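Okay, here we've got a single chain as structure tokens, the form deposited in one PDB entry, with questions on binding and movement later.
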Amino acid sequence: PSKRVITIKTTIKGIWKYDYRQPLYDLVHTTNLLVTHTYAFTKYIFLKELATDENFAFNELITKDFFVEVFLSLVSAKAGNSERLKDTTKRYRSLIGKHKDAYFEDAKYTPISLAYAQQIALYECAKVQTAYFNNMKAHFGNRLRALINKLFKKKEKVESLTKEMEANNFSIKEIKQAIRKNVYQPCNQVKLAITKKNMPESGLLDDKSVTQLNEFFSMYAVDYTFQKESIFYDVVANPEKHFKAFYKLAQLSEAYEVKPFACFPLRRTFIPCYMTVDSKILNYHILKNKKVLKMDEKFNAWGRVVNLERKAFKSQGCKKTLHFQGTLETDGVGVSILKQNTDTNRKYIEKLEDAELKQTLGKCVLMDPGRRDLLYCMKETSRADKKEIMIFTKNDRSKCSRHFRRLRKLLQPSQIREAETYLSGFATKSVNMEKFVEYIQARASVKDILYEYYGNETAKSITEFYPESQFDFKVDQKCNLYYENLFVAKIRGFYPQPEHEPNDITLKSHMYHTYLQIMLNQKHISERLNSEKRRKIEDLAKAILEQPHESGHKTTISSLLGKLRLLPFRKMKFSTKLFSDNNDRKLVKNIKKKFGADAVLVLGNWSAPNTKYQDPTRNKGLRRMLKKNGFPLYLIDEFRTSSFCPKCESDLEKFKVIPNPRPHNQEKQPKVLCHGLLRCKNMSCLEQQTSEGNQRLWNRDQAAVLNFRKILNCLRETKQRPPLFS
């Protein structure tokens, strides 16, 4: 049988024993640091060698073994059996030590004492190798084509020819034909020549371009021939021999001021990332054991830390054949449990058949995927009065994302934003040695504070991110208590109050003690405060009781509680996945409720490419999720579907003028034409009263779904697309 793997998410606090929580946290942080350096240092090596000599054997060093040595060079440990090392290991270690001191000086880094780092290094280096291979196989061809276009000076030639022909008053069609004959065809000839490793014919490129092509080809071996005569196919077939060339390509891209792209994968996130934990890592780092753990004792070691009898760790899947194998991935807040069935021992609606099309009668749901309106859904039986219409909007899905983004924007300390702005002055994707070294130094100059702020969940917090800040409680209309922006609890008996404006002013500040007492009893608040801080806060509350009017106690309490204002970024990231899953399931439930359990879904053919000034969309993920839930989904072309009036098949127009939908652009661009409302050109289109014409007004999505229904009916009746929409 084939191998399949499933992942179950959960939280550390819900399954991890408290006594073993702290050992894990540090480990995560340590691993993250190493991994980060394991990227940067690696790049720092390559750029050092490639700039030093063009004959450097870069291709052979892209392997997990070399990355393992790079990772271990950052860890200090007692010397082992040196004479047992292999020749490849010796060469890798010598190459690393050649630049070890320089990299440490540049990055202001010191080796971390971490015994038993073999398994972590192996896993992280395997991930690094996979990332390198995936990046190259994916982007080498596209970047090579972009470089070829840049070398041919396609843009300059096209512009010059267009201007010259326009000066001569040539017709646009003739101009395009001449451009194709004189520009596009030679460019294709150059592409064909380069694809086969053969230099282009004389006159196609200038001397500088030919020299650059020769320099690029010098990266490959002289006698090496691309498999199947195509470089783009040889890259996938034999990627290992192109890595060096890829680097050179990047430089050539930077030669013509092309936008830099990340040729060398790097880890730049300051928030600690997920790391893999297995039986050996748990035994040697988390449990702090000092003896070998065999497979028989595999589950016993885990039992000492997590409850394997919980729902997450028990058997799952078809016939409960997917068993837990002692492998997890955790980033200090979230945890992913992996289950596997094997041991670790090493269509378009227009092209549907007659029966398929006719079996959906009375069940098709026509969906118009928009930008702001993610899904405008209508059923066949919908009428003017029986409006069986459903709208799933971008706001419903983006509620949590926008809330978290606004919270992060509002709670960002001045130091953090200033540090990010300063660090942004050095590019990272650039392959230039000097630029990369400058970026390394800049990151090293601000790494500590950023790591402290983003690692506030488990790392030590000392810096005062909110100096001279006083926090006062408030209650919203829904009787929810917030410190400044942190939810505390819902006061169900708040509204009952006497007449406002009492005689004694100090009562307003005295209510602060009651609010503080209410807040301090919350689990999510108490857990974030250590014993000493809680004692000091209680003493300050007693002092406030003694002298409520004194603001010094309130200021001291605010200074102490400033830790509570730090956001748990990893927790928010984990909660985002739960919110997305809940939204998907809510959408499925709503679809089944409104349109029935056995509803058939017809979705538009719009691809929704990522466009500027527009947020991303779940076009492909939406279809994948809908299919995963069992909904029969089919695609229908949107050609002319949103341009004709369903009532009389007449063209529509955008007539209304409305202020800018986005408030921030109103001051700059106040009024724009409407986009979701249209009027028909028939000019009667209705039993108009004749007072002001009153052309029938259509919602664009409604008209589109009506046209989809027309197309479906025509397909059912004649098995052919309507002539109007063909």
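The first residue of the sequence shown is number 1, and the count goes up from there. The term rigid core refers to the most C-alpha atoms you can superpose between the two forms while keeping them within 1.5 Å.
Another form, the form deposited in another entry, is not on view; read the next lines as being about it.
- Superposing the two forms on their core leaves just one of 137, 358, 403, 409 with a Cα displacement of at least 2 Å between the shown form and the other one, namely 137.
- Residue displacement note: residue 330 has its CA displaced by under 2 Å between the shown form and the other one (rigid core superposed).
- Taking the rigid core as fixed, one finds a CA shift for residue 583 smaller than 2 Å between the shown form and the other one.
- After superposition on the rigid core, the Cα of residue 234 moves by 2 Å or more between the shown form and the other one.
- Annotation for the pair residue 608/residue 720: C-alpha atoms approach each other in the other form, by 3 Å or more compared with this form.
- Cα-Cα spacing of residue 625 to residue 607 is enlarged in the other form versus the present form (difference of at least 3 Å).
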